[PDB]
$ cat entry.cif   # mmCIF, C-alpha atoms and all ligand atoms
data_protein
loop_
_atom_site.label_atom_id
_atom_site.label_comp_id
_atom_site.auth_asym_id
_atom_site.auth_seq_id
_atom_site.Cartn_x
_atom_site.Cartn_y
_atom_site.Cartn_z
CA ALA A 31 122.65 49.70 92.12
CA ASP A 32 120.12 51.19 89.63
CA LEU A 33 120.96 50.69 85.95
CA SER A 34 119.93 54.21 84.93
CA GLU A 35 122.12 55.66 87.68
CA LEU A 36 125.04 53.45 86.60
CA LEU A 37 124.56 54.52 82.97
CA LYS A 38 124.05 58.20 83.82
CA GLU A 39 127.11 58.37 86.08
CA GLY A 40 129.39 56.07 84.03
CA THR A 41 128.86 57.57 80.55
CA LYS A 42 128.89 61.35 81.27
CA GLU A 43 132.39 61.60 79.87
CA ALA A 44 131.51 59.91 76.56
CA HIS A 45 128.13 61.68 76.37
CA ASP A 46 129.63 65.18 76.78
CA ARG A 47 132.41 64.21 74.38
CA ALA A 48 129.78 63.21 71.79
CA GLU A 49 127.84 66.47 72.17
CA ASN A 50 130.66 68.50 70.63
CA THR A 51 132.09 66.39 67.85
CA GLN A 52 133.05 68.44 64.75
CA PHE A 53 129.72 67.74 63.05
CA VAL A 54 127.57 68.49 66.13
CA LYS A 55 129.29 71.78 67.03
CA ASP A 56 128.49 73.01 63.51
CA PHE A 57 124.88 71.81 63.77
CA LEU A 58 124.17 73.83 66.93
CA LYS A 59 124.54 77.18 65.16
CA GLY A 60 123.34 76.13 62.65
CA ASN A 61 125.76 75.15 59.92
CA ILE A 62 126.50 71.96 57.86
CA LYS A 63 125.77 71.82 54.15
CA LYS A 64 122.90 69.84 52.71
CA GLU A 65 125.37 67.23 51.42
CA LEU A 66 126.75 66.40 54.85
CA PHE A 67 123.21 66.32 56.30
CA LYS A 68 122.10 63.91 53.56
CA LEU A 69 125.07 61.63 54.30
CA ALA A 70 124.31 61.62 58.04
CA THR A 71 120.71 60.85 57.16
CA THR A 72 121.96 57.96 54.98
CA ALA A 73 124.23 56.59 57.74
CA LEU A 74 121.57 56.95 60.43
CA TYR A 75 119.14 55.09 58.17
CA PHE A 76 121.29 51.95 58.11
CA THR A 77 122.22 51.93 61.80
CA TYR A 78 118.63 52.40 63.00
CA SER A 79 117.42 49.69 60.59
CA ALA A 80 120.02 47.32 62.03
CA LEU A 81 119.14 48.18 65.63
CA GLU A 82 115.38 47.99 65.14
CA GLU A 83 115.66 44.63 63.36
CA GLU A 84 117.55 43.22 66.34
CA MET A 85 115.16 44.85 68.82
CA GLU A 86 112.25 43.12 67.07
CA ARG A 87 114.22 39.86 67.07
CA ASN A 88 114.54 40.12 70.86
CA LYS A 89 111.01 41.46 71.29
CA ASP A 90 110.19 38.66 73.78
CA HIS A 91 113.63 38.31 75.38
CA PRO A 92 113.43 38.77 79.20
CA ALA A 93 116.48 41.10 79.26
CA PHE A 94 115.03 43.45 76.61
CA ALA A 95 111.22 43.03 76.25
CA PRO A 96 110.12 45.80 78.68
CA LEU A 97 112.02 48.38 76.56
CA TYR A 98 110.36 47.45 73.25
CA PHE A 99 108.53 50.58 72.02
CA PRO A 100 108.21 50.35 68.21
CA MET A 101 105.45 52.92 67.72
CA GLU A 102 106.86 55.46 70.19
CA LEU A 103 110.60 55.31 69.45
CA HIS A 104 111.54 53.58 66.17
CA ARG A 105 113.00 55.81 63.42
CA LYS A 106 113.35 53.59 60.33
CA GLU A 107 110.06 54.92 58.92
CA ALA A 108 110.93 58.52 59.68
CA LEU A 109 114.39 58.12 58.15
CA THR A 110 112.76 56.36 55.20
CA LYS A 111 110.51 59.39 54.55
CA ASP A 112 113.53 61.71 54.86
CA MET A 113 115.57 59.67 52.37
CA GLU A 114 112.55 59.74 50.04
CA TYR A 115 112.45 63.55 50.23
CA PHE A 116 116.14 64.17 49.45
CA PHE A 117 116.87 61.26 47.11
CA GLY A 118 113.49 60.32 45.57
CA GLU A 119 111.43 57.13 45.44
CA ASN A 120 114.27 54.87 44.31
CA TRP A 121 116.56 56.22 47.07
CA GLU A 122 117.33 52.63 48.03
CA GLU A 123 118.80 51.97 44.55
CA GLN A 124 121.01 55.10 44.80
CA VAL A 125 122.78 55.24 48.16
CA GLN A 126 125.16 52.84 49.92
CA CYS A 127 126.07 51.96 53.52
CA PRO A 128 129.07 54.09 54.64
CA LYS A 129 131.91 52.17 56.22
CA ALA A 130 131.89 53.68 59.74
CA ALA A 131 128.20 52.82 59.93
CA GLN A 132 128.80 49.25 58.78
CA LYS A 133 131.28 48.72 61.65
CA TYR A 134 128.48 49.72 64.02
CA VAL A 135 125.84 47.71 62.15
CA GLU A 136 128.07 44.61 62.46
CA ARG A 137 128.39 45.30 66.19
CA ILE A 138 124.62 45.64 66.62
CA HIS A 139 123.85 42.41 64.73
CA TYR A 140 126.38 40.55 66.91
CA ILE A 141 124.89 41.94 70.12
CA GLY A 142 121.37 41.27 68.89
CA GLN A 143 122.06 37.63 68.01
CA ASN A 144 124.53 36.70 70.76
CA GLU A 145 124.22 39.11 73.75
CA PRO A 146 120.72 40.69 73.67
CA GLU A 147 121.01 41.83 77.29
CA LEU A 148 123.39 44.46 75.83
CA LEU A 149 120.82 45.91 73.39
CA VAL A 150 119.65 48.08 76.28
CA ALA A 151 122.98 49.98 75.91
CA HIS A 152 122.46 50.86 72.24
CA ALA A 153 118.76 51.63 72.69
CA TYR A 154 119.30 53.80 75.79
CA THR A 155 122.03 55.88 74.19
CA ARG A 156 120.30 56.39 70.82
CA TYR A 157 116.65 56.96 71.64
CA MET A 158 116.96 58.95 74.88
CA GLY A 159 119.47 61.28 73.20
CA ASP A 160 117.17 61.70 70.19
CA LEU A 161 114.03 62.25 72.26
CA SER A 162 116.00 64.88 74.20
CA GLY A 163 116.98 67.14 71.26
CA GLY A 164 114.44 66.41 68.50
CA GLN A 165 112.22 69.50 68.73
CA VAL A 166 115.21 71.89 68.83
CA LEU A 167 117.47 70.23 66.22
CA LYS A 168 114.49 69.97 63.87
CA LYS A 169 114.17 73.79 63.78
CA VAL A 170 117.90 74.41 63.42
CA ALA A 171 118.09 72.14 60.36
CA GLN A 172 114.93 73.59 58.76
CA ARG A 173 116.26 77.12 59.19
CA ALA A 174 119.77 76.09 58.10
CA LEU A 175 118.74 74.03 55.04
CA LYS A 176 115.58 75.95 54.02
CA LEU A 177 113.41 72.85 54.47
CA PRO A 178 109.60 72.94 54.44
CA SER A 179 107.96 73.99 57.73
CA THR A 180 105.57 71.08 57.11
CA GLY A 181 108.31 68.63 58.23
CA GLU A 182 109.81 67.08 55.08
CA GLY A 183 113.43 66.02 55.61
CA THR A 184 113.42 66.28 59.42
CA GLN A 185 111.00 63.49 60.29
CA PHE A 186 113.85 61.71 62.06
CA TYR A 187 113.77 64.47 64.69
CA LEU A 188 109.99 64.27 65.22
CA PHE A 189 108.46 61.92 67.81
CA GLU A 190 104.80 62.23 66.82
CA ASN A 191 103.69 59.32 69.08
CA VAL A 192 105.09 60.63 72.41
CA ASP A 193 102.80 63.04 74.30
CA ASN A 194 105.54 64.16 76.70
CA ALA A 195 109.26 63.33 76.44
CA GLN A 196 110.25 63.83 80.08
CA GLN A 197 107.31 61.72 81.33
CA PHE A 198 108.07 58.96 78.79
CA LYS A 199 111.76 59.07 79.77
CA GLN A 200 110.75 58.29 83.37
CA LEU A 201 108.76 55.27 82.18
CA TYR A 202 111.76 54.08 80.19
CA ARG A 203 113.95 54.58 83.28
CA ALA A 204 111.66 52.49 85.46
CA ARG A 205 111.32 49.74 82.84
CA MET A 206 115.10 49.71 82.41
CA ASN A 207 115.74 49.66 86.16
CA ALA A 208 113.14 46.90 86.64
CA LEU A 209 115.14 44.55 84.36
CA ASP A 210 116.22 41.36 86.15
CA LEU A 211 119.96 41.99 85.81
CA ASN A 212 122.87 41.07 88.05
CA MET A 213 125.44 43.77 88.85
CA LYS A 214 127.98 42.25 86.43
CA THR A 215 125.61 42.53 83.47
CA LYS A 216 124.87 46.14 84.45
CA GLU A 217 128.57 47.02 84.25
CA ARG A 218 128.80 45.36 80.83
CA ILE A 219 125.82 47.39 79.65
CA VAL A 220 127.61 50.56 80.83
CA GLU A 221 130.75 49.50 78.93
CA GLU A 222 128.71 48.71 75.82
CA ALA A 223 126.99 52.10 76.16
CA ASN A 224 130.35 53.88 76.09
CA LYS A 225 131.16 51.91 72.94
CA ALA A 226 127.85 53.13 71.50
CA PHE A 227 129.06 56.70 71.83
CA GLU A 228 132.50 55.80 70.43
CA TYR A 229 130.83 54.20 67.40
CA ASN A 230 128.61 57.26 66.96
CA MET A 231 131.29 59.93 66.85
CA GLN A 232 133.48 58.05 64.36
CA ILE A 233 130.49 57.74 62.04
CA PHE A 234 129.86 61.48 62.31
CA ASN A 235 133.58 62.14 61.70
CA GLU A 236 133.43 60.87 58.08
CA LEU A 237 132.61 62.35 54.65
CL CL B 1 111.64 69.92 57.53
#
$ encode --input "entry.cif" --output "structure tokens"
Amino acid sequence: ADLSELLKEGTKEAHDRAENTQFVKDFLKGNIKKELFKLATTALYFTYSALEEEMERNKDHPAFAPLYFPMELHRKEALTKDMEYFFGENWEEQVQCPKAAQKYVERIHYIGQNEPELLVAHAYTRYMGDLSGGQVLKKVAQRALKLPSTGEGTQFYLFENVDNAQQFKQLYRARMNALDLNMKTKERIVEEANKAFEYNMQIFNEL
């Protein structure tokens, strides 16, 4: 009956599938050239901007409001700093939205403006996955791309405003499970979560 249990049990296949896409397998080594890492940083920028715009839009929506943690979870500012480091101050005038990302961005804007009960799916899959790895992936990328130990370029992977990940995860669980959702909506969230993973891998599968 619990949403977190439904998610956990009903997306293991897609979650394990995601955690060894071509790009990810290389990363846990570490591998990947700077130019692929910069592209992934570019793509992640646009998708997180989209998602965090919609999450703010539905800040006071009953189905989402308890999961709204801008200061603790949002990455647009971290990704912004990272883009600044690689591309420079006018990074926004240089890069463009890649086309696998724009498919996902279009999905997120639809969900955000028509079915905000399903934002939970995109937020759960993104931020809990990120909060999980962060501290480890950060060090692999620094070592692999010779980035400054001071943090420049890997701010995306750093959750400065979260004292303990596993304790915060439990809060997020309880807030998620305390959402006033019927069983039907919970199954649709699980389906939309699997789509979140689908969207994610096909982004990462593209130079
Ligand atoms: Cl770094």
$ atom_distance --input "entry.cif" --atom1 "atom CA of residue 75 of chain A" --atom2 "atom CA of residue 106 of chain A"
6.4 Å
$ closest_residue --input "entry.cif" --among "A:121, A:115, A:99, A:154" --to "ligand CL 1 (chain B)" --atoms "all atoms listed in the file"
A:115
$ residues_near_ligand --input "entry.cif" --ligand "ligand CL 1 (chain B)" --cutoff "6 Å" --atoms "all atoms listed in the file" --output "ChimeraX atom specification"
/A:172,177-179,181-184
$ residues_near_point --input "entry.cif" --point "(124.8, 48.8, 72.9)" --cutoff "6 Å" --atoms "only C-alpha atoms" --output "list in words"
residues 148, 149, 151, 152, 222, 223 and 226 of chain A
$ closest_residue --input "entry.cif" --among "A:131, A:219, A:70, A:237" --to "residue 37 of chain A" --atoms "all atoms listed in the file"
A:219
$ residues_around --input "entry.cif" --residues "residue 63 of chain A" --least-positions-apart "6" --cutoff "10 Å" --atoms "all atoms listed in the file" --output "PDB file with C-alpha atoms, in the coordinates of the input"
ATOM      1  CA  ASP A  56     128.490  73.010  63.510  1.00  0.00           C
ATOM      2  CA  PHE A  57     124.880  71.810  63.770  1.00  0.00           C
ATOM      3  CA  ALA A 171     118.090  72.140  60.360  1.00  0.00           C
ATOM      4  CA  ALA A 174     119.770  76.090  58.100  1.00  0.00           C
ATOM      5  CA  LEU A 175     118.740  74.030  55.040  1.00  0.00           C
TER       6      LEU A 175
END
$ atom_distance --input "entry.cif" --atom1 "atom CA of residue 78 of chain A" --atom2 "atom CA of residue 109 of chain A"
8.6 Å
$ atom_distance --input "entry.cif" --atom1 "atom CA of residue 74 of chain A" --atom2 "atom CA of residue 231 of chain A"
12.0 Å
$ closest_residue --input "entry.cif" --among "A:170, A:81, A:127, A:141" --to "residue 54 of chain A" --atoms "all atoms listed in the file"
A:170
$ closest_residue --input "entry.cif" --among "A:220, A:31, A:66, A:58" --to "residue 173 of chain A" --atoms "all atoms listed in the file"
A:58
$ closest_residue --input "entry.cif" --among "A:147, A:132, A:156, A:111" --to "residue 224 of chain A" --atoms "all atoms listed in the file"
A:156
$ residues_around --input "entry.cif" --residues "residue 80 of chain A" --least-positions-apart "4" --cutoff "7 Å" --atoms "all atoms listed in the file" --output "PDB file with C-alpha atoms, in the frame of the given file"
ATOM      1  CA  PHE A  76     121.290  51.950  58.110  1.00  0.00           C
ATOM      2  CA  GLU A  84     117.550  43.220  66.340  1.00  0.00           C
ATOM      3  CA  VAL A 135     125.840  47.710  62.150  1.00  0.00           C
ATOM      4  CA  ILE A 138     124.620  45.640  66.620  1.00  0.00           C
ATOM      5  CA  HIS A 139     123.850  42.410  64.730  1.00  0.00           C
TER       6      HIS A 139
END
$ decode --input "entry.cif" --residues "segment 109-225 of chain A" --atoms "C-alpha atoms" --output "compact mmCIF listing (two decimals), in the first residue's frame"
# COMPACT_ATOMS: atom_id res chain seq x y z
CA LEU A 109 24.81 22.76 -12.64
CA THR A 110 24.99 26.47 -13.43
CA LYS A 111 28.32 26.78 -11.58
CA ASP A 112 29.61 23.66 -13.37
CA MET A 113 28.65 25.04 -16.80
CA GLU A 114 30.37 28.30 -15.84
CA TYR A 115 33.58 26.40 -15.02
CA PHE A 116 33.80 24.41 -18.28
CA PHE A 117 32.26 26.89 -20.73
CA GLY A 118 32.80 30.34 -19.16
CA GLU A 119 30.50 33.18 -18.15
CA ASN A 120 28.55 33.31 -21.41
CA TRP A 121 28.00 29.52 -21.32
CA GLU A 122 24.30 30.16 -21.93
CA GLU A 123 25.10 31.84 -25.28
CA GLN A 124 27.28 28.86 -26.34
CA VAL A 125 25.48 25.58 -25.69
CA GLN A 126 22.14 24.17 -26.87
CA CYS A 127 19.51 21.74 -25.56
CA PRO A 128 20.27 18.21 -26.88
CA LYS A 129 17.35 16.43 -28.46
CA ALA A 130 16.99 13.44 -26.09
CA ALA A 131 16.84 15.93 -23.23
CA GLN A 132 14.19 18.03 -24.96
CA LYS A 133 11.93 14.96 -25.26
CA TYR A 134 12.18 14.62 -21.48
CA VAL A 135 11.83 18.36 -20.87
CA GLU A 136 8.59 18.32 -22.93
CA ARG A 137 7.38 15.40 -20.82
CA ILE A 138 8.16 17.20 -17.56
CA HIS A 139 6.41 20.43 -18.62
CA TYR A 140 3.31 18.41 -19.58
CA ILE A 141 3.27 16.56 -16.26
CA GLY A 142 3.92 19.77 -14.36
CA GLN A 143 1.07 21.68 -16.02
CA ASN A 144 -1.48 18.88 -16.43
CA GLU A 145 -0.75 15.99 -14.01
CA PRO A 146 1.29 17.36 -11.06
CA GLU A 147 0.51 14.31 -8.93
CA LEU A 148 3.03 12.56 -11.24
CA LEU A 149 5.91 14.97 -10.47
CA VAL A 150 6.63 12.77 -7.46
CA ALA A 151 7.82 10.11 -9.98
CA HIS A 152 10.41 12.36 -11.64
CA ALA A 153 11.55 13.90 -8.36
CA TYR A 154 11.85 10.54 -6.55
CA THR A 155 13.90 8.95 -9.32
CA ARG A 156 16.25 11.91 -9.91
CA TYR A 157 17.03 13.28 -6.48
CA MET A 158 17.16 10.05 -4.45
CA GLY A 159 19.50 8.52 -7.04
CA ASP A 160 21.70 11.63 -6.99
CA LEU A 161 21.78 11.90 -3.20
CA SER A 162 22.78 8.21 -3.15
CA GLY A 163 25.93 8.44 -5.31
CA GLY A 164 27.06 12.08 -5.11
CA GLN A 165 30.03 11.77 -2.74
CA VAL A 166 31.50 8.78 -4.63
CA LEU A 167 30.87 9.91 -8.24
CA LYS A 168 32.31 13.32 -7.37
CA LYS A 169 35.70 11.74 -6.55
CA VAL A 170 35.72 9.45 -9.58
CA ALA A 171 35.17 12.40 -11.94
CA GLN A 172 37.76 14.62 -10.20
CA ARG A 173 40.35 11.85 -10.41
CA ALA A 174 39.33 10.95 -13.98
CA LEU A 175 39.19 14.52 -15.35
CA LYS A 176 41.90 16.15 -13.18
CA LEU A 177 39.43 18.64 -11.72
CA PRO A 178 40.22 20.88 -8.74
CA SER A 179 39.87 19.24 -5.31
CA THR A 180 38.10 22.46 -4.28
CA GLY A 181 34.96 21.28 -6.15
CA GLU A 182 34.83 23.16 -9.47
CA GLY A 183 33.00 21.18 -12.15
CA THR A 184 31.43 18.60 -9.81
CA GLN A 185 29.06 20.82 -7.84
CA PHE A 186 26.16 18.84 -9.29
CA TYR A 187 27.31 15.86 -7.19
CA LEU A 188 27.59 17.87 -3.95
CA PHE A 189 24.62 18.24 -1.58
CA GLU A 190 26.04 20.90 0.73
CA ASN A 191 22.67 21.51 2.49
CA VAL A 192 21.97 17.90 3.61
CA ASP A 193 23.58 16.89 6.93
CA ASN A 194 22.91 13.18 6.42
CA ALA A 195 21.63 11.53 3.23
CA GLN A 196 20.16 8.36 4.72
CA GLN A 197 18.29 10.31 7.43
CA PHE A 198 16.96 12.82 4.86
CA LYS A 199 15.92 9.95 2.59
CA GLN A 200 13.74 8.60 5.41
CA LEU A 201 12.06 12.00 5.77
CA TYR A 202 11.42 12.07 2.03
CA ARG A 203 9.99 8.53 2.26
CA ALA A 204 7.58 9.49 5.03
CA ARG A 205 6.51 12.71 3.27
CA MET A 206 5.99 10.75 0.05
CA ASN A 207 4.05 7.97 1.80
CA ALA A 208 1.94 10.54 3.67
CA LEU A 209 0.61 11.94 0.37
CA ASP A 210 -3.18 11.68 0.08
CA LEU A 211 -3.17 9.37 -2.94
CA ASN A 212 -5.56 6.64 -4.02
CA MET A 213 -4.09 3.29 -5.11
CA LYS A 214 -4.73 4.07 -8.80
CA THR A 215 -2.66 7.25 -8.68
CA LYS A 216 0.14 5.33 -6.93
CA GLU A 217 0.31 2.83 -9.81
CA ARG A 218 0.44 5.70 -12.31
CA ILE A 219 3.31 7.25 -10.36
CA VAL A 220 5.14 3.90 -10.55
CA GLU A 221 4.55 3.77 -14.32
CA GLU A 222 5.71 7.36 -14.72
CA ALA A 223 8.79 6.54 -12.62
CA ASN A 224 9.74 3.73 -15.00
CA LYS A 225 9.37 6.22 -17.85
